[PDB]
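Asker:
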Amino acid sequence: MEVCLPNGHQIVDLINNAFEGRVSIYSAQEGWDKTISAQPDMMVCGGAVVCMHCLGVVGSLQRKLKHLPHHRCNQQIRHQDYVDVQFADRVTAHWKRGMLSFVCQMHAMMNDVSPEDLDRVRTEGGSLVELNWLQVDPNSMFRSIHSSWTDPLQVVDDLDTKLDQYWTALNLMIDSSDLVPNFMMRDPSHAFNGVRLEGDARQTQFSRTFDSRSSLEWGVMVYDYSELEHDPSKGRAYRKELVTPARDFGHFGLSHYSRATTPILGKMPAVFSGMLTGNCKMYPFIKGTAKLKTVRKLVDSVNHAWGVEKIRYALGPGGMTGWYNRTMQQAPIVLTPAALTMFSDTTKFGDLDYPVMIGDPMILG
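Residues 1 to 365 in the UniProt record's numbering are what the sequence shown lists, from first letter to last.
Take a look at the structure:
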């Protein structure tokens, strides 16, 4: 009945949690889930909870909804105004699922090595794995221009821990047998430009944000590793010093940076948390400046839908107006989970080495 609005510091970490693809929702048919729905009924704001038909703070974390209550709500709300969220959320789900299954297959192919050809690599080196890029989940929409968020999702469980241990085995085999695989990045802070932008790959785009403008189907671009075959000039012996990433990545048991791949999916690569983190957490590297303007519409809507001083006292100086102003002002600084700031600071072989253009799954030494 009497209903109000939450803190803003609620909302910035709200943006955090959401853009993690992580928000809890209730369904008029599937109840409390986040798998498949045409209608997000009421939505979580941290420990708090807001009925998204009054957009009013209604619930807490010690509370737990069991069924729709009754209280005066505006009924001036339209799901159209925020589809973008759940859209991107399904994008997150699918994208990460793809990461998961792809590394399943990768590690699988790895676990087949014999001591014979292993000691060949010891003796000569060479690439060892042979997978086509035409077997990477066209069931997904990043690999099919006609799969969609609009589609249901077969659920997954404990993606986290499984990612941890798959990746664990990965770094295990690499820092042990000391490979030079498909993947290594010193500072990915210059992938889209900073690599040799060659061939039709130029049709790759980077908005650093999902958009109805684009489905995200694209190939997967690799570097020029073929030349150590081409030239007899930079192979195993040469590589027995430098191109091995761990020289700069240092130890793996000892860690103070992240680890990442060549650019693969979401039109991107992703980073991974260090061993001294207790986790090797994958993360799509993004920027938040657009995550700013999402609520650009929300502002005016409520500015109507709410009053002068209720709000001027509900949110900080400038109410929602100066709220957005100042928060915009602070965002890229303040909207930066220092996860984002876990790169390396060492490079002696440079990343101005090769172009990148779509390759297929392959790993060498």
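For each residue, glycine too, the CB sits at the ideal point set by N, CA and C.
List in chain order: all unbroken beta strand (DSSP E) runs of 3+ residues lying wholly within the stretch 239-281.
Answerer: The stretch 239-281 contains these whole beta strand (DSSP E) runs: 270-272.
Asker: Where does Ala290 sit, in a helix, a strand or coil, going by DSSP?
Answerer: For the purposes of this step, residue 290 is taken as residue 290 along the sequence shown, with counting starting at 1. In this structure, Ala290 counts as helix in the three-state DSSP scheme.
Asker: When burial is assigned at 16 or more other CB atoms within 10 Å of the CB, is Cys54 buried or exposed?
Answerer: Taking the sequence shown and counting its residues from 1, the one referred to as residue 54 is at position 54. Buried, by the Cβ-count rule.
Asker: So, at 6 Å on beta carbons, what are the nonlocal neighbours of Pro361 in its own chain, with the 5 sequence-adjacent residues on each side left out?
Answerer: Within the sequence shown, the letter at position 361 stands for residue 361. The answer, listed in chain order, is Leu131.
Asker: Taking a contact to mean a Cβ-Cβ separation below 7 Å, would you say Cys51 touches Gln10 in this structure?
Answerer: If you number the sequence shown from 1, residue 51 lands on position 51. If you number the sequence shown from 1, residue 10 lands on position 10. Their beta carbons are not under 7 Å apart, which means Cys51 does not touch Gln10 by this criterion.
Asker: Count Cβ pairs between the stretch 342-360 and the stretch 239-249 that sit closer than 8 Å; are there 3 or more?
Answerer: Segments in contact, yes.
Asker: Going along the chain, which residues of its own chain have a beta-carbon closer than 6 Å to the beta-carbon of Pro6, five neighbours each way excluded?
Answerer: Locating residue 6 in the sequence shown gives position 6, where the first residue counts as 1. Answer for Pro6: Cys45, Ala48, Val57, listed in chain order.
Asker: Per DSSP, which one or two residues make a beta bridge with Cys45?
Answerer: Numbered from its first residue, the sequence shown carries residue 45 at position 45. DSSP lists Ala48 as partners of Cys45.
Asker: Do you know whose CA, among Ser60, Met43, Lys162, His79, lies nearest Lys96's CA?
Answerer: As a first step, residue 96 must be located in the sequence shown, where it is residue number 96. The shortest Cα separation from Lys96 among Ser60, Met43, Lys162, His79 belongs to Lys162.
Asker: Identify the continuous alpha helix (DSSP H) that holds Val58 and give its terminal residues.
Answerer: For the purposes of this step, residue 58 is taken as the residue at position 58 of the sequence shown. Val58 -> not in any alpha helix (DSSP H); beta strand (DSSP E) instead, spanning 56-59.
Asker: For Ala290 and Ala88, I'd like the C-alpha separation in whole angstroms.
Answerer: As a position in the sequence shown, residue 290 is number 290, starting the count at 1. As a position in the sequence shown, residue 88 is number 88, starting the count at 1. Computed Cα separation, rounded: 13 Å.
Asker: For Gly235, write down the residues that DSSP places opposite it in a beta bridge.
Answerer: Counted from its first residue, the sequence shown places residue 235 at position 235. Its beta-bridge partners do not exist; DSSP assigns none.
Asker: Checking the sheet assignment: what are the DSSP bridge partners for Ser24?
Answerer: Reading the sequence shown from its first residue, position 24 is the one you call residue 24. Partner(s): none; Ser24 has no beta bridge.
Asker: Measure the alpha-carbon distance for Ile36 versus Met185 and round it to whole angstroms.
Answerer: Position 36 of the sequence shown, counted from the start, is the residue given in the question as residue 36. Position 185 of the sequence shown, counted from the start, is the residue given in the question as residue 185. Looking at the two C-alpha atoms, the distance is approximately 36 Å.
Asker: With burial defined as no fewer than 16 other Cβ atoms inside 10 Å of the residue's Cβ, what is the status of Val308: buried or exposed?
Answerer: Residue mapping note: residue 308 aligns to position 308 of the sequence shown, counting from 1. Exposed is the call here.
Asker: Figure out for me which residue from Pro284, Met43, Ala305, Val12 has the closest Cα to the Cα of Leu61.
Answerer: For the purposes of this step, residue 61 is identified with residue 61 of the sequence shown, where counting begins at 1. Cα-wise, what sits closest to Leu61 is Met43.
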